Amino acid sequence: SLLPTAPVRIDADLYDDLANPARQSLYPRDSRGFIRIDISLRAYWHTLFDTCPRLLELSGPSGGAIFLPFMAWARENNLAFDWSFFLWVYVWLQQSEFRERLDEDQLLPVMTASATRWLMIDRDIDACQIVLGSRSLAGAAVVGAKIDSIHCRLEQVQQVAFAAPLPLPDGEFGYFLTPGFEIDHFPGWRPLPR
């Protein structure tokens, strides 16, 4: 009735393989470790595609043609799967078989998704907004602001236009953080973490 933990015993045995779709097969299919890894893989899958459904138009409904090579490429470049997760999927897409089908309609969802993830999970008390820039988004940025009022009806992520031209980032993307909820300085773009 229970599923055998099979060649392992505890979660710590599986840590290294929780984000690796290629090594999942190495566990017996009827084993608990195979299931545990599968719940983890699906968390990554749904975090990517539930938030940015238009990416499935690129890959098809299974998402396999993005998800499998991107997860392999993420391990290769030792990506952190931090708030910039979605931005790094877009970077991968730019060198992928899908590179010709990227437009503003794919770009803005992944920028919103990363600004949203930053403002939901970052715990730096001293940073209240993230500002995201892109070479494919001239003169604007995507700003994610932590909640500072229980009674806001504005979305926590907005697109904001700058009156003074903004330098294009060196990479596809750049970011900076602000203390408090204004943009009263441009310190220059930082490159994506990791």
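Throughout, we count residues from 1 along the sequence that is shown.
> Looking at the entry, does 130-138 or 42-50 show the higher mean C-alpha B-factor?
Replying inline: The stretch with the larger average C-alpha B-factor is 130-138.
> For the C-alpha atoms alone, is the average B factor greater in 96-104 or in 112-120, going by the entry?
Replying inline: The entry gives the higher C-alpha B-factor average to 96-104.
> Say you rank 145, 37, 154, 58 by Cα B-factor from the PDB entry; which sits at the top?
Replying inline: In the PDB entry, the greatest C-alpha B-factor among 145, 37, 154, 58 is found at 154.
>> Lowest, middle or highest third: which one holds residue 149 when the chain's residues are ordered by CA B-factor from the entry?
In response: Highest third, going by the recorded CA B-factors of the chain.
> C-alpha B factor of residue 184, ranked within the chain: lowest, middle or highest third?
Replying inline: As the PDB entry reports it, the C-alpha B-factor of residue 184 lands in the highest third of its chain.
> Split the chain's modelled residues into thirds by Cα B-factor; is residue 16 in the lowest, middle or highest one?
Replying inline: Answer is middle: the recorded C-alpha B-factor places it there.
> Should residue 160 be placed in the lowest, middle or highest third of its chain by the C-alpha B factor in the entry?
Replying inline: Middle third by C-alpha B-factor.
> Can you tell me which third, lowest, middle or highest, the CA B-factor of residue 125 falls into for its chain?
Replying inline: Its C-alpha B-factor, which the entry lists for residue 125, ranks in the middle third among residues of this chain.
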